[PDB]
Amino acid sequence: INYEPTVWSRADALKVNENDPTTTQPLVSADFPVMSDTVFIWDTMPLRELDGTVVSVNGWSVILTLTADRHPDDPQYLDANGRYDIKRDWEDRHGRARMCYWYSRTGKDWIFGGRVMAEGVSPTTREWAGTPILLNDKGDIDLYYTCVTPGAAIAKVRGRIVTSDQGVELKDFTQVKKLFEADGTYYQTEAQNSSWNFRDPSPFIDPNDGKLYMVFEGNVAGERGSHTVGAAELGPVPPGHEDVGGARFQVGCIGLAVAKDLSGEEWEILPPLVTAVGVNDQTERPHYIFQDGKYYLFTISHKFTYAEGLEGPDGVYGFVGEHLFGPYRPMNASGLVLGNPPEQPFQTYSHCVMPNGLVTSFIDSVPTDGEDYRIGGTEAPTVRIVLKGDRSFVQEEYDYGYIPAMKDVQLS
């Protein structure tokens, strides 16, 4: 299987408008509530089927979160005056990340369910994001996730959900199987770049050929600093935008893999679907909506992972087309689907666009009086978007962490 990737060019990124009211996330309130005073949560992963549908089980909604403890009373984060450095505690989350689950009858007011896997089950101490798939009405679940440090592998672990009128348990996630890692020909490896990105599996059944595929975040293969920013990467920039500076250091891509069969036990990597060399280093958490005969491929990125000479917000970006292997076109012409507002540029991250149009994200940093800011580590308000052809439009907002079921599955 061979196909050329869709290039997200610099010329495309010069169309990004951070001030478009149709593509701006609503402002998060400075007095947002926090789901936990003992843990931070961030990347949130709704339970779903391989076709994309977000599901409850026996009337319980279930989400997985990356989770790290809070350390307010810990001397290493306390200065001479006993002030707590929450910002540093929050920045330290990534090395402590573990998968936990939460549940609710209502799609909000989440009840903590605890760790998915016992400590030591994961091959790496870090357990980074992926997708929990409900496989059947017996309650079997495949959790696809990323094992990081040493190395980075996309992995899966099988377990089960059981419920009662009192709540949910996830059990028996006891054997992790690594599936694949970066190869060095299509996707950049650790030996080529110790800051390589390789993570966030999103598995699905393709609506057209019915095979099991996954997309994931990668980087375009090649030694750090070797990539070329040539015509394709620059695109048809206007006069005075020819200089790229050190843009060749930014090399994000959305990757694709295909399973040998529908069990998803053996995978083969395919070439990059969408590349952003010279544009942005991080095309994170890629995921699809299948709607109106089109593939809508969304990906999250940061203002500060852009190449020199470009400006855009943290938030959701997207590419659309009629065929799984492309070519794709940038949503809203620039690629930007939902950007943080410029007055609160880091208020939310790790958005997940669900097929009902609702978009969930977590709160990162919200400005407060005195040119300060508060840390979130909790769910943001959900907001709905509508897709129309190659364009999107932001609509109304919902409560914090609202993630309703699209379908309820009753267990056998």
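Numbers for residues come from their place in the sequence shown, where the first is 1.
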- Query: Given the B-factors recorded for C-alpha atoms, which segment has the greater mean, 43-51 or 367-375?
  - Reply: 367-375
- Task: Pick between 273-281 and 171-179: the one whose mean CA B-factor in the entry is higher.
- Result: 171-179
- Task: Identify, among 135, 307, 338, 153, the residue whose C-alpha carries the highest B-factor in the deposited PDB entry.
- Result: 135
- Of the options 252, 312, 293, 203, which has the highest CA B factor as deposited? 293
- Considering only modelled residues of the same chain, in which third does the CA B-factor of residue 390 rank: lowest, middle or highest? lowest
- Task: Among all modelled residues of this chain, ranked by Cα B factor, put residue 298 in the bottom, middle or top third, i.e. lowest, middle or highest.
- Result: lowest
- Binned into thirds over the chain's modelled residues, the C-alpha B-factor of residue 240 lands in the highest
- Task: Among all modelled residues of this chain, ranked by Cα B factor, put residue 199 in the bottom, middle or top third, i.e. lowest, middle or highest.
- Result: lowest
- Message: Quick check on the deposited entry: does the C-alpha B-factor of residue 190 sit in the lowest, middle or highest third of its chain?
- Response: lowest
